[PDB]
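S.K.:
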Amino acid sequence: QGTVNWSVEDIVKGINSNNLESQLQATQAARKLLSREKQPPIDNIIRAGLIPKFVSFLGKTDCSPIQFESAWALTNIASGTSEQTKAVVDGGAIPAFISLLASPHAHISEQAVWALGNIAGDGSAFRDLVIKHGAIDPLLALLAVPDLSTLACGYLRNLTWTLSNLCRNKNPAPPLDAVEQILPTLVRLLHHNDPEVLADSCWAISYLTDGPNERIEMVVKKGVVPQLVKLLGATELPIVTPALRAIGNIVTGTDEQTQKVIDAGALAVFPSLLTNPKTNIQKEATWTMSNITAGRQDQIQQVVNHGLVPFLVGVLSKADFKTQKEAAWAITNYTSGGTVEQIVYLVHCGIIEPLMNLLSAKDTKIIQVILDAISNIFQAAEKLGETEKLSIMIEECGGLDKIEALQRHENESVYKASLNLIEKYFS
Amino acid sequence: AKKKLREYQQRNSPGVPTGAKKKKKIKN
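So the sequences go chain by chain: A and B.
Residue numbering for the first sequence is 483 to 909, as defined by this note's numbering.
Residue numbering for the second sequence is 42 to 69, as defined by this note's numbering.
#1: Confirm, please, whether the CB-CB distance from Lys847 of chain A to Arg52 of chain B is below 9 Å.
#2: Can you name the residues of chain A whose CB is closer than 7 Å to the CB of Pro58 of chain B?
#3: What does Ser646 of chain A touch in chain B if you count any residue whose Cβ is under 7 Å from its own?
#4: Output the distance between the C-alpha atoms of residue 912 of chain A and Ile524 of chain A, rounded to the nearest integer angstrom.
#5: Taking the CB atoms as reference points, tell me whether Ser552 of chain A and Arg513 of chain A lie closer together than 9 Å.
#6: Please identify the residue among A:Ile576, A:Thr740, A:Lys542 whose C-alpha is closest to the C-alpha of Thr775 of chain A.
#7: What's the C-alpha gap between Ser517 of chain A and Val486 of chain A?
#8: For chain B, find out if any of its Cβ atoms is closer than 9 Å to the Cβ of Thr817 of chain A; answer yes or no.
#9: Can you tell me whether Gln781 of chain A is buried or exposed, with buried defined as 16 or more other CB within 10 angstroms of its CB?
#10: Are the C-beta atoms of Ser591 of chain A and some chain B residue less than 9 Å apart?
#11: Going along the chain, which residues of its own chain have a beta-carbon closer than 7 Å to the beta-carbon of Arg697 of chain A, five neighbours each way excluded?
#12: Which runs of the alpha helix (DSSP H) at least 4 residues long sit entirely within the segment 686 to 714 of chain A? Give them in chain order.
#13: In chain order, what residues of the segment 792 to 810 of chain A put their CB closer than 7 Å to some CB of chain B?
#14: Near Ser499 of chain A, what residues of its chain come up, given a Cβ to Cβ distance below 8 Å and the 5 sequence neighbours on each side ignored?
#15: Rounded to a whole number of angstroms, what is the C-alpha to C-alpha distance between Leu756 of chain A and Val612 of chain A?
#16: Measuring CA to CA, which of A:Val537, A:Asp676, A:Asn893, A:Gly735 is closest to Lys43 of chain B?
#17: Based on Cα-Cα distance, which residue from A:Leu672, A:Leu840, A:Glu491 lies nearest to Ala801 of chain A?
#18: Should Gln566 of chain A go down as buried or exposed, given a rule of 16 or more other Cβ atoms within 10 Å for buried?
#19: Use the C-beta contact count for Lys703 of chain A: other C-beta atoms within 10 angstroms, 16 or more gives buried, fewer gives exposed.
#20: Return yes when the C-beta of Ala716 of chain A is under 8 Å from any heavy atom of the ligand NAP, and no when it is not.
#21: For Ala594 of chain A versus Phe579 of chain A, is the C-beta distance shorter than 9 Å?
#22: Check this for me: beta carbons of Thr557 of chain A and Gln549 of chain A, under 9 Å apart or not?
#23: Could you check whether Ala716 of chain A and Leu680 of chain A sit closer than 9 Å to each other, using their CB atoms as the reference points?
#24: Between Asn600 of chain A and chain B, is the shortest Cβ-Cβ distance under 9 Å, so that the two count as touching?
#25: Would you say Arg609 of chain A reaches chain B, if we count a Cβ-Cβ gap shorter than 9 Å as a contact?
#26: Take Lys844 of chain A and list the residues in its own chain whose beta-carbon comes closer than 8 Å to its own, dropping the five residues that flank it on each side.
#27: I want to verify the contact list: residues of chain B whose CB lies under 8 Å from the CB of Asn653 of chain A, in sequence order.
#28: Near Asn640 of chain A, what residues of its chain come up, given a Cβ to Cβ distance below 6 Å and the 5 sequence neighbours on each side ignored?
#29: Where in the segment 530 to 570 of chain A do unbroken runs of the alpha helix (DSSP H), each at least 4 residues long, occur, reported from the N-terminal end onward?
#30: Buried or exposed for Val707 of chain A, going by 16 or more other Cβ atoms inside 10 Å?
Have a look at this one:
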């Protein structure tokens, strides 16, 4: 009841009082104001001029509670808009929080970890500014223990989450040397058994692999792909989501980097991923499939062997409409790279009729994707004479009507493929 | 050719999941 709902005016009167204990009470009252869930008055606290005082209290080494209270208060200002985070940074909080990482009070260090996570989380400029102030070495030193299990769960989760914000954004991506510094302890967190540490470690890896191939390689050469594939089969949705995002990012790289994903056994998880009831998992799993079917013929062959072509036929036949696109892409890239035997196998699995059904959509971009795929399929059946059988399939499922109704379309690409298709195979 | 996650999520996000960008502390 002592510090429950102070007015900002009372907080200001206490913080300006020349009594350190009065300032502590006012700072705790500020922290409780900033901790309530119904619209905490961050902007009023900023306008009263309290941030420099809070930042100054961070250095009060012989009053450890006012360090904690102002650290917590600043953490929650930094949790708001970019403008509010910037107010914390402009008060000089970054070097003061980094000095607090080494505190003998675990709860104070943890709070400095958290506040730096919020600042780094605002974006790449503050992320790189936290890095330039030297935050990475003291953060990583806090994880330099023989066994992470001796650390308190919340502490470890907070360190993992803040390291992942140092890995996060993309224009620009984090400094190469900082990524190299963090990765080894990140690999270690990826083997820790706590669902939240694992999820945030997968998020970090997902950020690091979202870029050019040299960035994927930094991660892939640390050996994490098998562990990512294991995490891909977790029952915790907060784990599979970033695990799948990372795997999907890695298979956007070279054929060789894609192959490590396949070597690691990832394709065996896809029967359940391509039927997963969370539509986002199923969308991203199908996108990931479309970058594997863009690979080599031996890689397309592995998709066949794992029985994933009926699963693509399934997603094409019935799924979220955005997911059906990814499946259309998966098919068209398959048709682009595959052998003739692999391509006619699509027809044997029933690809034709769900492709024709999707010609009824309005998104111009897929009529392209789809008509390309049937162009490639006709072209590969032609090398075995099976052009007629395919033309009657497309005719019997009402796909012929779609293809020819389509050369009155508002696109050069649509109706030159439409009308091309008709002359060699429908006359 | 392969489509990176930015081309992926160009015709998909907003709505694509990510970790927590910022975190408010409400309890001890």
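We put the beta carbon where it would ideally sit given N, CA and C, even for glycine.
M.R.: In terms of the structure at hand:
#1: As a first step, residue 52 of chain B is located in the second sequence; it is residue number 11 there, counting from the start. As a first step, residue 847 of chain A is located in the first sequence; it is residue number 365 there, counting from the start. Going by C-beta atoms, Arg52 of chain B is nearer than 9 Å to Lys847 of chain A.
#2: Indexing the second sequence from 1 puts residue 58 of chain B at position 17. Within chain A, the residues near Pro58 of chain B are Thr723, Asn762.
#3: Numbered from its first residue, the first sequence carries residue 646 of chain A at position 164. Those within 7 Å of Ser646 of chain A in chain B are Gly60.
#4: No answer is possible for residue 912 of chain A: it lies beyond the span of chain A, which begins at 483 and ends at 909.
#5: Along the first sequence, read from residue 1 onward, the residue named residue 552 of chain A stands at position 70. Along the first sequence, read from residue 1 onward, the residue named residue 513 of chain A stands at position 31. Going by C-beta atoms, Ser552 of chain A is nearer than 9 Å to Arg513 of chain A.
#6: As a working mapping, residue 775 of chain A is identified with position 293 in the first sequence. Among A:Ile576, A:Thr740, A:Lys542, the Cα nearest to that of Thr775 of chain A belongs to A:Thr740.
#7: Counting from one through the first sequence, the residue named residue 517 of chain A turns up at place 35. Counting from one through the first sequence, the residue named residue 486 of chain A turns up at place 4. Using only the alpha carbons, I get a separation of about 11 Å.
#8: The residue labelled residue 817 of chain A in the question sits at position 335 within the first sequence. With 9 Å as the cut-off, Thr817 of chain A does not count as an interface residue toward chain B.
#9: Along the first sequence, one-based indexing puts residue 781 of chain A at 299. Classification of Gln781 of chain A: buried, given that the 10 Å Cβ count is 16 or more.
#10: For the purposes of this step, residue 591 of chain A is taken as residue 109 along the first sequence, with counting starting at 1. No - not a single Cβ of chain B is within 9 Å of the one on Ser591 of chain A.
#11: The count along the first sequence starts at 1 and reaches residue 697 of chain A at position 215. Contacts found: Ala655, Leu690, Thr691.
#12: 695 to 702, 707 to 714
#13: Residues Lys804.
#14: Locating residue 499 of chain A in the first sequence gives position 17, where the first residue counts as 1. Excluding residues within five positions, the ones whose Cβ falls inside 8 Å are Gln505, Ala508.
#15: The residue you call residue 756 of chain A lines up with position 274 of the first sequence. The residue you call residue 612 of chain A lines up with position 130 of the first sequence. Going by the C-alpha atoms only, they are around 40 Å apart.
#16: Walking along the second sequence from the start, residue 43 of chain B turns up at place 2. Of the listed residues, the one whose Cα sits closest to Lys43 of chain B is A:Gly735.
#17: Mapped onto the first sequence, residue 801 of chain A falls at position 319. Of the listed residues, the one whose Cα sits closest to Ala801 of chain A is A:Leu840.
#18: Within the first sequence, residue 566 of chain A is the residue found at index 84, counting from 1. Buried, by the Cβ-count rule.
#19: Here residue 703 of chain A corresponds to residue number 221 of the first sequence, with the count starting at 1. Its Cβ having fewer than 16 others within 10 Å, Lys703 of chain A is exposed.
#20: Absent from the structure shown: the ligand NAP. Ligands present: none.
#21: In the first sequence, counting from the first residue as 1, residue 594 of chain A sits at position 112. In the first sequence, counting from the first residue as 1, residue 579 of chain A sits at position 97. Pairing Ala594 of chain A with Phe579 of chain A gives a Cβ-Cβ distance under 9 Å.
#22: Numbered from 1 along the first sequence, position 75 holds the residue referred to as residue 557 of chain A. Numbered from 1 along the first sequence, position 67 holds the residue referred to as residue 549 of chain A. Not closer than 9 Å, so no.
#23: Here the question's residue 680 of chain A lines up with position 198 in the first sequence. Here the question's residue 716 of chain A lines up with position 234 in the first sequence. In contact: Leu680 of chain A and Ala716 of chain A (Cβ atoms closer than 9 Å).
#24: To locate residue 600 of chain A, count along the first sequence from 1; it is residue 118. Closer than 9 Å to some Cβ of chain B, the Cβ of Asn600 of chain A qualifies, so yes.
#25: By 1-based counting over the first sequence, the position of residue 609 of chain A is 127. Interface criterion not met: the Cβ of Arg609 of chain A is under 9 Å from no Cβ in chain B.
#26: By one-based count along the first sequence, residue 844 of chain A stands at place 362. For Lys844 of chain A, same chain residues with a beta-carbon under 8 Å away, outside a window of 5 residues either side, do not exist.
#27: Counting from 1 along the first sequence, the entry for residue 653 of chain A is found at position 171. Within 8 Å Cβ-Cβ: nothing; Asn653 of chain A doesn't reach chain B, min ~10 Å.
#28: Here residue 640 of chain A refers to the residue found at position 158 when the first sequence is read from its first residue. For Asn640 of chain A, where only same-chain residues beyond five positions count, the Cβ hits under 6 Å are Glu592, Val595, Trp596.
#29: 533 to 540, 546 to 560
#30: On the first sequence, position 225 is the one that residue 707 of chain A refers to. With 16 or more other Cβ atoms within 10 Å, it is buried.
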